Amino acid sequence: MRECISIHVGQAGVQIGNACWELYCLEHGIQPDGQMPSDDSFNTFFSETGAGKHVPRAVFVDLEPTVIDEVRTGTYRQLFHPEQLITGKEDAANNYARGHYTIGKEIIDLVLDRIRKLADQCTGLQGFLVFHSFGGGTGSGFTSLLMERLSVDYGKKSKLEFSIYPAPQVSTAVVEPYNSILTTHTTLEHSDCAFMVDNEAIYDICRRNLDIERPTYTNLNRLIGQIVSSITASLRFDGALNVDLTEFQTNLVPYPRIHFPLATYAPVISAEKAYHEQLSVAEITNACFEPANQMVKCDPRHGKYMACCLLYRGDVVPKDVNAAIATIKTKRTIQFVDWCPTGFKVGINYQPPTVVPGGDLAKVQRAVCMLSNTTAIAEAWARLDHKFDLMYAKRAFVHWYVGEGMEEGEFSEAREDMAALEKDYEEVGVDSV
Amino acid sequence: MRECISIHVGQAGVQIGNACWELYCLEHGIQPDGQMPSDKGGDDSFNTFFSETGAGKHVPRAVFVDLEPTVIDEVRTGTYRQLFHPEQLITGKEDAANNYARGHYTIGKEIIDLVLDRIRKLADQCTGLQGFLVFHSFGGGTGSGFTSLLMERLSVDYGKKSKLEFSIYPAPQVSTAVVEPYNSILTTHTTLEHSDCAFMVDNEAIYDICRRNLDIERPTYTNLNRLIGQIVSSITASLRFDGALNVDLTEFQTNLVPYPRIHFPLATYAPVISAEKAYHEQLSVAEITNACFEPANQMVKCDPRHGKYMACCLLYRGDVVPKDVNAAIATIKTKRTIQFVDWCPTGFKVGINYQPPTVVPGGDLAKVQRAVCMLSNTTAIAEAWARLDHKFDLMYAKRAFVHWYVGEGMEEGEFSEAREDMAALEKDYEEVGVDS
Amino acid sequence: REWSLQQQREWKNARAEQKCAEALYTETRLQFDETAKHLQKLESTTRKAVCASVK
Amino acid sequence: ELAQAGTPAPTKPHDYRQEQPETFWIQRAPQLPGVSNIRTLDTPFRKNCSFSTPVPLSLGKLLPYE
Amino acid sequence: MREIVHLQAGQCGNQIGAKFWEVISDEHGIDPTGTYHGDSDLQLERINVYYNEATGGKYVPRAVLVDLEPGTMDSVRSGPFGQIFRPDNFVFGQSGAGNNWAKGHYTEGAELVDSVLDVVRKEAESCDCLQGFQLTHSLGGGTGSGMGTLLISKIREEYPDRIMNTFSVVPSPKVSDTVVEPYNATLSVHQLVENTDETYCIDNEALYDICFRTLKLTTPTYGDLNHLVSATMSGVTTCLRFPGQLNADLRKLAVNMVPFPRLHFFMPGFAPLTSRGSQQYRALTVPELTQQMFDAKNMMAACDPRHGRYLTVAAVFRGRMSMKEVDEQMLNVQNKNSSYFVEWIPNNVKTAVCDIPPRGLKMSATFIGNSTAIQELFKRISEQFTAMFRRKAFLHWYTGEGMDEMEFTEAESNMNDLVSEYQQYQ
Amino acid sequence: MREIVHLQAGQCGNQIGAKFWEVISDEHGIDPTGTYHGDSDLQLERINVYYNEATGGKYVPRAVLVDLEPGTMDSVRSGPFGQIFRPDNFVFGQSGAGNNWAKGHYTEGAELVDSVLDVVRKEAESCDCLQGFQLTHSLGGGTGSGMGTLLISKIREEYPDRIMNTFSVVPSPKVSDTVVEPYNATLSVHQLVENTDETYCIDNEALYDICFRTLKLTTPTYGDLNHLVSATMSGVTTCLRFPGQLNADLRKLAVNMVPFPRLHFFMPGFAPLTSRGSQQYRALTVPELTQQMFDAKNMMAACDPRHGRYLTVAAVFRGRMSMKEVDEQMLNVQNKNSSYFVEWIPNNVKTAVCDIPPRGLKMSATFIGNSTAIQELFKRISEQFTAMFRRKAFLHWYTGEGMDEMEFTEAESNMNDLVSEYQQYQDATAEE
Amino acid sequence: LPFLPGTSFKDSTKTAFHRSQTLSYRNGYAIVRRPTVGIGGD
Ligand SMILES: Nc1nc2c(ncn2[C@@H]2O[C@H](COP(=O)(O)OP(=O)(O)OP(=O)(O)O)[C@@H](O)[C@H]2O)c(=O)[nH]1
Ligand SMILES: Nc1nc2c(ncn2[C@@H]2O[C@H](COP(=O)(O)OP(=O)(O)OP(=O)(O)O)[C@@H](O)[C@H]2O)c(=O)[nH]1
Ligand SMILES: Nc1nc2c(ncn2[C@@H]2O[C@H](COP(=O)(O)OP(=O)(O)O)[C@@H](O)[C@H]2O)c(=O)[nH]1
Ligand SMILES: Nc1nc2c(ncn2[C@@H]2O[C@H](COP(=O)(O)OP(=O)(O)O)[C@@H](O)[C@H]2O)c(=O)[nH]1
Ligand SMILES: [Mg+2]
Ligand SMILES: [Mg+2]
């Protein structure tokens, strides 16, 4: 009955969708042909067919055919429904105005039609999960009016938001700050919870931890898929202490303008280094608090932990969870706000994480995924504001936005809006009077 | 005992008749020779369409009327040469050639007597007549003109018999002629006063359906007429086969037509899917009943979200149960997109038939478990009529093509009178649609 | 499952037959083009021979 | 990688254009309200009007339960 | 059942007429002897349209050959297909017209209409239901333009409610194969505007253009030009003798082409014509036909449609094809080009589809276009008629045969009014 | 679904594109006859970008060859890969231009544009969703510079919202293969700056220096030079027709390299060019590709970036490789030479990765740089133009064929305005 | 070879183009003779 709808937008969204759905198929024991070789744990993600087949509850959206056609002629060509893969003809090409105004309006109708069909099939819908990237043109622009239309069409449905943030140092474009600033109204007003990750941090994690000297986007998207599976495994699988999509929003979002957590995973270690290591519950929950294992290039010792949500999988005991929390709470290194004396939410699940063939992680007995809401995000936003205002001083690249439909006042109002959003975090995290 | 007479007028009528009668013969198990191999009585389901000779042959109750021989001779030479009666294929010598005047006043009066004689013979053979089904097209000369005085004579001859009308309307943007608005205005009297229930379809919407549903990149008239035959079969299957709650012709006319001036439903069929997409979809009742309400699946180029639903008739065939029917109708009634009028609180009529639809070999559709056909009476047809009144006024502003119509026998008053009739019929729909 | 499999197998067979017919048409076209080129060459040679005889 | 099992084998012969799909109705055909006399081996859901036709205008036909 | 009687006038009518009957005798599988040698049984379904049945399975054409001198009739009879014509259908005098309209209309051609209408009345009443007539002539001569307009006004008084087609070869702007060409061309157009239902303007300059830049022929003799004309005469009536998905006869195209009775001058075209080198560089699709069909280099008349507005347009396709792709292309050309089409007629283009393509070819199309830019043809003749007439050149060859001089001023004012009917619709 | 229509202007354009079509025909597996003889199902996935379908499995290029002297047309048609082009795509005039921009633009090149725009429209509405137009020409001739700019100014008015790429062989600083080449170059650039979306400057000095010092060849004929230019031309448009992890089209490169509409002049480079002697003495790595791309020697223009500031940089990589090392190496080269980049733009470099390398090769890369070192070329051409124009050299040829004297002065004014804009954007500071 | 607008060929090595007279007048009657000979005497 409980089920989620995945919406993947852009090339990054489609690649993360591939790496997530391979993990889901292997987790529920479904062949690439779609048939189970043979219990309704698949019903959160897969839907039954009149031919005995399981079809995913996902919508892949893109403005170019080059990346969707690899899915269409790949290994999973039989699994996906042929009408769940929506493609345009010309991409937005690192432009917010192209993706929002001129090119998105031809496929917004088809995307909303397929979303309506899936939500009509949903007997009870937990929510939508949106996988997208800020830097790209489609993910920057089309996703904005996608969520804008979804907010009008659906009142109080959950809309979780897995987004790719630009890295502080490396980048794949030049107009990345322009495309990342203008989405901070959609991800502010028309989003319920928004986890942000950036690729340089995951590069550091895969280099230092998994002993891979040359990671690729597959080696990053597999970790992202592991995080999403550990989030949704409480819905999918029975456990000692279940947690729900509404539940961690309730226990982690204290104000409607503060919905930007940090997602960390542990343990991320190789098969050779897992052979000598005794991974206890304390030994896997201590690595989530370390700044070297964060998945955003930010340091939470500059900030204040506002809320925490822990999700444990496997041979895990609530006694040892409580002991590990007690050992965590006595560190002066980790600081909690005064207005939250009990800051933790705990979820416990029985089924251990599943290992993939050809992957980089090891077969483990227990694991943990942490969603921590802190005040160490204003530095990540100001480090991009330096770049955005430095670019916007000389009106560089701005005719490429003005001539395609949008006025120039949108730049100033988006900068002022997200500046007010930056300012609000300081009075949220300041000590009480 | 229950019987219907098929009257196919024009080239479009003859081709739709071919595609319909292939389906009927294959559904009832009748060979192209005309004999059933399965005689191992006890079966009466063919008596609606086939009359049985004591030699073992089954002859259809259809009349193929045409003013040219080039398409009737294809029927007389092809596979079904031995099935049809020799005298049920009425053909002329010179066609009307896109002229309402030629089809109505000069050429049609030569063969109208033969057509009425064969119609009299068929209706005398019929022991109880449900009605006539007239298959024709608005654009063409014969379908525009000969059908008008054929129905004028049929209204005089037969008083209260139902005359259902499957008409091909001109498409709003594409077309195959240029005097087509001139012919399509002048039949708005004979489809208003001398018809009991008129289903209008146009080719552009069926092209769109066969493009985005069946994945045929290059559809043809055979692919369109197969879908039209599926619609007529789903209408008549309640008469032909055993069902849980049967619906008769007079019954859904009563439950669809609220005023005598308003008898223009819209017909939709679901599911129209290909065999490659029948592998990835379950065709449940609640999902086949939502495809009928989608404006993209309509068979007229009109959007019913602009108008108000006045009545609906749904016909389910196959593995369908009343519990799922009621649950699906309850789901439909709660949407704010679909709007009903205030004076029709119970806006649905429901019929259920046991036997699932059949498939033709080499066809386009898939072998499905269940299906649904919807006849919805709404208000969003006035836009489709105004989109062609614009073209008629644009042409008639400076009297183009008028001498062709005047010289064959009418006067010039019929253009203005037919335009006034269409204007009144358009005003009536908005007067009905305005709420209280 | 069985019905959908049989239907798409028959559709595949029909498409293969159509492809074979189109291949036969293209081969006959190529043969006609070769014959036309040979005939043009022959006509040009005969014209040059006639002019040489006149001179 | 690894081995994937093929499509499941059919237990009974299947051929479209001839075979009637199962319904609740065709499983319980002699026990339903609204089903007429069953004399056709192809489908039990074809109309038999032997009883309803009047004594005049009736050919030689077999009445139900006789 | 729907018969077509062919009338051939002049030496231009006889050389085009002899090549026409060579074309459709190969479509129907008729040998030079006259019998039937074919592979399909559909070729004899509608063969009574053009041929008369004789004894022993022999088919003879329903064509009458009219000329005032047997100089060209001898060359036709000595050709390959010169044995099929009935020997009683040859009508001939013994004195030529001399490229004079007065001799061919009043003096020498007035005796010869006694014998033609005995032959026309013999062939027309032998039919079951006559569709209409057909003429092939030239407006720059003495027999085609002189007597060929005397036959039109005599068979239209006898048969008023029929279809009269003309395949008239108008004079060319720079060719000028006759010194007295505009006198015969102006006095004949004045007779065509009142007595003809459809008229197809063919120019020998445009047939030179196609054989140079499209067909790439080094030596384009008149055998190839009379093939291009005869591939259009058989494409118009191909729905009369072959089945199709959507078919249109001679009358159905005239209803949908002519909005006002004076405007019946068309411009023909044929579509799949390709050079021998570029045979392998081209793909056969319906957009390939529709692109070449509307090409301004492909018209058979020396009038450019870019200088005018398309009033009505027709296309008669041949071959098995999809009705969506036919109806999509005719919409696509109308939406982009909103300046070359009139605004008070929506959907100018009419479409017809036949099923039997010509032998050895996969698809075909014939183009008939009524355009405003045909006034270019009547305005360059009216400037040459008035140039000669004010100095009264060459009148003694015309006025000396009894013709009044006010007939010349009436032929100006009927043709100077005709170019003013066309201007107001541009 | 994104077609590129190819335009060839002049003898130089005909030679360069006649090598270019051979190179990408070998890349997509096309025989000299025209059919497909390859060993992959990936080569026909995106072949409609450059080839139109024909009958019997043939593909014909979407290119047109425009010239006024049919000798180069005969040379192209008699070549090895000359039987692939459709015979109607050769548009040849009857009288030459004779190295005269006035003859190219007004007298003889004003009658050919009717036929050329007819053929361009026939090949333009034949596409489904046309991406844009490409031109190859030289600014030192009479047909490529004289009438190619007229063709640009006509087709851009016909199709406003499309993309226009140009590969221009701008004049050499030391060769001077024509006396009036600064006249032609100035009067062509004055049109290009307004009517071109992307311009790529190609220099025979740079090509000779690369083919002598890098490849170590004794006889550098124009075949090798056209091979180098065509390798750059193929490497620019690789992500359209081959799938990759991070795609990039011509529109995206224009977006990320053109900050202002008058600044659209680029310098190109190619990466792995090594000699027969040094082929075995080198390992193929991303540092060895980035070093050779960003070496100032390997530029395909005779301008040195040590005198200027890189406004924007684009890199297109080919081959199975690691995103980590790609981003690491280009961040490192951005960080090291910190004085050769502007300060008012962060992350000056755009990166793209395509999966499929060229034939016989494992990894490769292409560099496209927008810098201020291109104003050196404009300053040199302007100083030679004003060197002749005070003494009124060669001016009767241009004046007697329909040109006023104010055309040259306004060309000088526009060129000087462009170089002053480039200078101010070089000398601009962060504080304002 | 198919019968087409461009596929026609003619014999070049023909030298006699004499036109014979099959249509003439005898007494007062227009007579038509059987063409026993072609163009040039062949
Ligand atoms: N984490 C992660 N990020 C990716 C991946 N693939 C692409 N990206 C991000 O995507 C951004 C560029 O946009 P793309 O996804 O390539 O393309 P797009 O989002 O559809 O935008 P357009 O190219 O304009 O259509 C880069 O900044 C990358 O960070 C991936 O596999 N994993
Ligand atoms: N849906 C459908 N429409 C058809 C078909 N055949 C013809 N039509 C329609 O018929 C119209 C043209 O008139 P026709 O029916 O062909 O000819 P007609 O009614 O006999 O009139 P005349 O030709 O003058 O005798 C076109 O607009 C077509 O839309 C068909 O097979 N299917
Ligand atoms: N298309 C075509 N035109 C021809 C042919 N023969 C002659 N003409 C044209 O007809 C015009 C003169 O015709 P003419 O001989 O005076 O006709 P006549 O007086 O009726 O015999 C000239 O301009 C020729 O170009 C032919 O076989 N085909
Ligand atoms: N890179 C390159 N340059 C060439 C080639 N052929 C000619 N050029 C240059 O083009 C210039 C002459 O161009 P030209 O032939 O007059 O151009 P056109 O007048 O438009 O035909 C000379 O400076 C040559 O250096 C070639 O194949 N490659
Ligand atoms: Mg994209
Ligand atoms: Mg008809």
# chains A, B, ... in the order shown; residues from 1 in each chain; ligands from 1
>>> interface_residues(of="chain B", to="chain E", cutoff="10 Å", atoms="only C-alpha atoms", output="number ranges by chain")
B: 11-12, 15, 69-71, 73-74, 93-99, 141, 173-181, 203-204, 207-208, 211, 217-222, 391-405
>>> write_last_selection(atoms="C-alpha atoms", output="PDB file, in the first residue's frame")
ATOM      1  CA  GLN B  11     -16.756   5.764 -50.601  1.00  0.00           C
ATOM      2  CA  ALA B  12     -16.212   6.307 -46.879  1.00  0.00           C
ATOM      3  CA  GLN B  15     -14.839   1.255 -46.848  1.00  0.00           C
ATOM      4  CA  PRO B  69     -18.507   2.031 -59.525  1.00  0.00           C
ATOM      5  CA  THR B  70     -14.767   2.207 -58.776  1.00  0.00           C
ATOM      6  CA  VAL B  71     -15.112   1.136 -55.123  1.00  0.00           C
ATOM      7  CA  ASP B  73     -16.427  -3.156 -58.041  1.00  0.00           C
ATOM      8  CA  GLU B  74     -13.569  -3.768 -55.596  1.00  0.00           C
ATOM      9  CA  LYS B  93     -22.744   5.795 -63.328  1.00  0.00           C
ATOM     10  CA  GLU B  94     -21.491   9.345 -62.651  1.00  0.00           C
ATOM     11  CA  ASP B  95     -20.653  10.579 -59.162  1.00  0.00           C
ATOM     12  CA  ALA B  96     -21.657  13.886 -57.591  1.00  0.00           C
ATOM     13  CA  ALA B  97     -18.022  15.143 -57.590  1.00  0.00           C
ATOM     14  CA  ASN B  98     -18.048  17.157 -54.331  1.00  0.00           C
ATOM     15  CA  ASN B  99     -21.393  18.810 -55.085  1.00  0.00           C
ATOM     16  CA  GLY B 141     -20.743  14.781 -52.679  1.00  0.00           C
ATOM     17  CA  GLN B 173      -7.003  21.719 -39.895  1.00  0.00           C
ATOM     18  CA  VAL B 174      -6.290  18.968 -42.443  1.00  0.00           C
ATOM     19  CA  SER B 175      -8.733  18.111 -45.235  1.00  0.00           C
ATOM     20  CA  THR B 176      -8.919  16.538 -48.686  1.00  0.00           C
ATOM     21  CA  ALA B 177     -11.186  18.990 -50.559  1.00  0.00           C
ATOM     22  CA  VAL B 178     -12.000  22.692 -50.827  1.00  0.00           C
ATOM     23  CA  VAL B 179     -15.825  22.907 -51.149  1.00  0.00           C
ATOM     24  CA  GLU B 180     -15.944  20.823 -47.975  1.00  0.00           C
ATOM     25  CA  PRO B 181     -17.295  23.628 -45.701  1.00  0.00           C
ATOM     26  CA  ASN B 203      -9.940  11.678 -39.218  1.00  0.00           C
ATOM     27  CA  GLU B 204      -7.366  13.905 -37.492  1.00  0.00           C
ATOM     28  CA  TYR B 207      -4.716   9.754 -36.784  1.00  0.00           C
ATOM     29  CA  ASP B 208      -3.459  11.120 -33.462  1.00  0.00           C
ATOM     30  CA  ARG B 211       0.062   7.648 -33.820  1.00  0.00           C
ATOM     31  CA  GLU B 217       4.037   5.901 -37.957  1.00  0.00           C
ATOM     32  CA  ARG B 218       2.072   5.688 -41.239  1.00  0.00           C
ATOM     33  CA  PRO B 219      -1.569   4.780 -40.537  1.00  0.00           C
ATOM     34  CA  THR B 220      -4.163   4.356 -43.257  1.00  0.00           C
ATOM     35  CA  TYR B 221      -7.904   4.232 -43.808  1.00  0.00           C
ATOM     36  CA  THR B 222      -7.945   0.520 -42.953  1.00  0.00           C
ATOM     37  CA  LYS B 391     -14.418  28.841 -42.837  1.00  0.00           C
ATOM     38  CA  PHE B 392     -17.911  28.917 -44.358  1.00  0.00           C
ATOM     39  CA  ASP B 393     -18.309  32.649 -43.661  1.00  0.00           C
ATOM     40  CA  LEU B 394     -14.774  33.286 -44.946  1.00  0.00           C
ATOM     41  CA  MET B 395     -15.572  31.572 -48.247  1.00  0.00           C
ATOM     42  CA  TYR B 396     -19.117  32.934 -48.627  1.00  0.00           C
ATOM     43  CA  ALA B 397     -18.122  36.564 -47.970  1.00  0.00           C
ATOM     44  CA  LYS B 398     -17.300  36.958 -51.682  1.00  0.00           C
ATOM     45  CA  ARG B 399     -19.357  34.162 -53.278  1.00  0.00           C
ATOM     46  CA  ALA B 400     -16.654  31.632 -54.139  1.00  0.00           C
ATOM     47  CA  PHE B 401     -17.795  28.336 -55.728  1.00  0.00           C
ATOM     48  CA  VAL B 402     -21.442  29.458 -55.671  1.00  0.00           C
ATOM     49  CA  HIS B 403     -22.177  29.073 -59.405  1.00  0.00           C
ATOM     50  CA  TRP B 404     -21.362  25.351 -59.197  1.00  0.00           C
ATOM     51  CA  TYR B 405     -24.090  24.833 -56.600  1.00  0.00           C
TER      52      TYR B 405
END
>>> closest_atom_pairs(of="chain F", to="ligand 1", cutoff="8 Å", atoms="only C-alpha atoms and all ligand atoms", output="JSON lines")
{"residue": "F:245", "atom": "CA", "partner": "ligand 1", "partner_atom_place_in_ligand_line": "6 (N)", "distance": 6.6}
{"residue": "F:246", "atom": "CA", "partner": "ligand 1", "partner_atom_place_in_ligand_line": "16 (O)", "distance": 5.0}
{"residue": "F:247", "atom": "CA", "partner": "ligand 1", "partner_atom_place_in_ligand_line": "16 (O)", "distance": 6.2}
{"residue": "F:248", "atom": "CA", "partner": "ligand 1", "partner_atom_place_in_ligand_line": "23 (O)", "distance": 6.9}
{"residue": "F:252", "atom": "CA", "partner": "ligand 1", "partner_atom_place_in_ligand_line": "24 (O)", "distance": 7.5}
>>> write_last_selection(atoms="N, CA and C atoms", output="mmCIF file, in the first residue's frame")
data_model
loop_
_atom_site.group_PDB
_atom_site.id
_atom_site.type_symbol
_atom_site.label_atom_id
_atom_site.label_comp_id
_atom_site.auth_asym_id
_atom_site.auth_seq_id
_atom_site.Cartn_x
_atom_site.Cartn_y
_atom_site.Cartn_z
ATOM 1 N N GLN F 245 29.528 10.498 -20.748
ATOM 2 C CA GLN F 245 29.106 10.764 -19.377
ATOM 3 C C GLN F 245 28.648 12.205 -19.196
ATOM 4 N N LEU F 246 29.326 13.156 -19.834
ATOM 5 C CA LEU F 246 28.959 14.566 -19.764
ATOM 6 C C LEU F 246 28.927 15.116 -21.183
ATOM 7 N N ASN F 247 27.727 15.341 -21.708
ATOM 8 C CA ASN F 247 27.568 15.784 -23.084
ATOM 9 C C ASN F 247 27.751 17.293 -23.194
ATOM 10 N N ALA F 248 27.996 17.751 -24.423
ATOM 11 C CA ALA F 248 28.129 19.176 -24.706
ATOM 12 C C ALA F 248 27.906 19.426 -26.186
ATOM 13 N N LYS F 252 25.860 24.794 -26.167
ATOM 14 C CA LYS F 252 26.385 24.843 -24.805
ATOM 15 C C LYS F 252 27.778 25.456 -24.769
#
>>> interface_residues(of="chain A", to="chain F", cutoff="7 Å", atoms="only C-alpha atoms", output="PyMOL selection string")
chain A and resi 66+89+93-94+170-175+203+214-216+387+390-391+396-397+400
>>> write_last_selection(atoms="N, CA and C atoms", output="PDB file, in the first residue's frame")
ATOM      1  N   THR A  66      20.246  11.648 -25.937  1.00  0.00           N
ATOM      2  CA  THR A  66      21.513  10.920 -25.943  1.00  0.00           C
ATOM      3  C   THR A  66      21.705  10.059 -24.702  1.00  0.00           C
ATOM      4  N   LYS A  89      13.767  17.457 -27.661  1.00  0.00           N
ATOM      5  CA  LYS A  89      14.587  17.441 -28.867  1.00  0.00           C
ATOM      6  C   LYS A  89      15.866  18.252 -28.724  1.00  0.00           C
ATOM      7  N   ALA A  93      20.942  23.567 -22.364  1.00  0.00           N
ATOM      8  CA  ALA A  93      22.348  23.924 -22.574  1.00  0.00           C
ATOM      9  C   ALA A  93      22.843  24.965 -21.565  1.00  0.00           C
ATOM     10  N   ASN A  94      22.840  24.563 -20.286  1.00  0.00           N
ATOM     11  CA  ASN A  94      23.279  25.399 -19.157  1.00  0.00           C
ATOM     12  C   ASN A  94      22.593  26.761 -19.140  1.00  0.00           C
ATOM     13  N   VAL A 170      36.038  22.557  -7.868  1.00  0.00           N
ATOM     14  CA  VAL A 170      35.917  22.041  -9.222  1.00  0.00           C
ATOM     15  C   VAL A 170      34.512  22.319  -9.741  1.00  0.00           C
ATOM     16  N   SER A 171      34.383  22.348 -11.062  1.00  0.00           N
ATOM     17  CA  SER A 171      33.106  22.610 -11.705  1.00  0.00           C
ATOM     18  C   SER A 171      33.152  22.063 -13.122  1.00  0.00           C
ATOM     19  N   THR A 172      31.968  21.835 -13.682  1.00  0.00           N
ATOM     20  CA  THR A 172      31.847  21.378 -15.057  1.00  0.00           C
ATOM     21  C   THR A 172      31.311  22.448 -15.993  1.00  0.00           C
ATOM     22  N   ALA A 173      31.175  23.687 -15.531  1.00  0.00           N
ATOM     23  CA  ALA A 173      30.631  24.755 -16.356  1.00  0.00           C
ATOM     24  C   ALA A 173      31.133  26.091 -15.821  1.00  0.00           C
ATOM     25  N   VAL A 174      30.658  27.172 -16.432  1.00  0.00           N
ATOM     26  CA  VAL A 174      30.985  28.524 -16.011  1.00  0.00           C
ATOM     27  C   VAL A 174      29.769  29.237 -15.433  1.00  0.00           C
ATOM     28  N   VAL A 175      28.582  28.973 -15.978  1.00  0.00           N
ATOM     29  CA  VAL A 175      27.356  29.644 -15.558  1.00  0.00           C
ATOM     30  C   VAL A 175      26.664  28.818 -14.483  1.00  0.00           C
ATOM     31  N   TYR A 203      34.198  12.393  -4.064  1.00  0.00           N
ATOM     32  CA  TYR A 203      35.510  12.055  -4.608  1.00  0.00           C
ATOM     33  C   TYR A 203      36.516  11.833  -3.490  1.00  0.00           C
ATOM     34  N   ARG A 214      40.787   5.994  -9.098  1.00  0.00           N
ATOM     35  CA  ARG A 214      40.138   6.710 -10.198  1.00  0.00           C
ATOM     36  C   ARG A 214      38.642   6.441 -10.169  1.00  0.00           C
ATOM     37  N   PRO A 215      37.903   7.156  -9.324  1.00  0.00           N
ATOM     38  CA  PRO A 215      36.450   6.970  -9.274  1.00  0.00           C
ATOM     39  C   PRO A 215      35.773   7.541 -10.508  1.00  0.00           C
ATOM     40  N   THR A 216      34.579   7.027 -10.780  1.00  0.00           N
ATOM     41  CA  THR A 216      33.738   7.537 -11.851  1.00  0.00           C
ATOM     42  C   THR A 216      32.365   7.891 -11.290  1.00  0.00           C
ATOM     43  N   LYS A 387      31.147  33.997  -5.692  1.00  0.00           N
ATOM     44  CA  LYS A 387      31.257  33.722  -7.120  1.00  0.00           C
ATOM     45  C   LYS A 387      30.132  34.378  -7.911  1.00  0.00           C
ATOM     46  N   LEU A 390      30.543  38.210  -7.913  1.00  0.00           N
ATOM     47  CA  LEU A 390      31.732  38.520  -8.697  1.00  0.00           C
ATOM     48  C   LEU A 390      31.463  38.376 -10.189  1.00  0.00           C
ATOM     49  N   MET A 391      30.644  37.395 -10.574  1.00  0.00           N
ATOM     50  CA  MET A 391      30.266  37.269 -11.977  1.00  0.00           C
ATOM     51  C   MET A 391      29.254  38.336 -12.379  1.00  0.00           C
ATOM     52  N   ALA A 396      28.275  39.528 -16.935  1.00  0.00           N
ATOM     53  CA  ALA A 396      28.769  38.465 -17.797  1.00  0.00           C
ATOM     54  C   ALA A 396      27.698  37.401 -17.983  1.00  0.00           C
ATOM     55  N   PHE A 397      27.615  36.864 -19.201  1.00  0.00           N
ATOM     56  CA  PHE A 397      26.744  35.755 -19.590  1.00  0.00           C
ATOM     57  C   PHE A 397      25.258  36.062 -19.449  1.00  0.00           C
ATOM     58  N   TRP A 400      22.506  35.883 -22.459  1.00  0.00           N
ATOM     59  CA  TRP A 400      22.102  34.496 -22.650  1.00  0.00           C
ATOM     60  C   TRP A 400      20.951  34.075 -21.752  1.00  0.00           C
TER      61      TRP A 400
END
>>> residues_around(residues="residue 37 (chain G)", least_positions_apart="4", cutoff="10 Å", atoms="only C-alpha atoms", output="ChimeraX atom specification")
/E:78 /G:19-22,41-42
>>> interface_residues(of="chain F", to="chain C", cutoff="12 Å", atoms="only C-alpha atoms", output="number ranges by chain")
F: 54-58
>>> residues_around(residues="residue 86 (chain E)", least_positions_apart="4", cutoff="10 Å", atoms="only C-alpha atoms", output="list in words")
residues 60, 61, 62, 63, 64, 65, 82 and 90 of chain E
>>> interface_residues(of="chain C", to="chain D", cutoff="8 Å", atoms="only C-alpha atoms", output="MDAnalysis selection string")
chainID C and resid 2:3 6
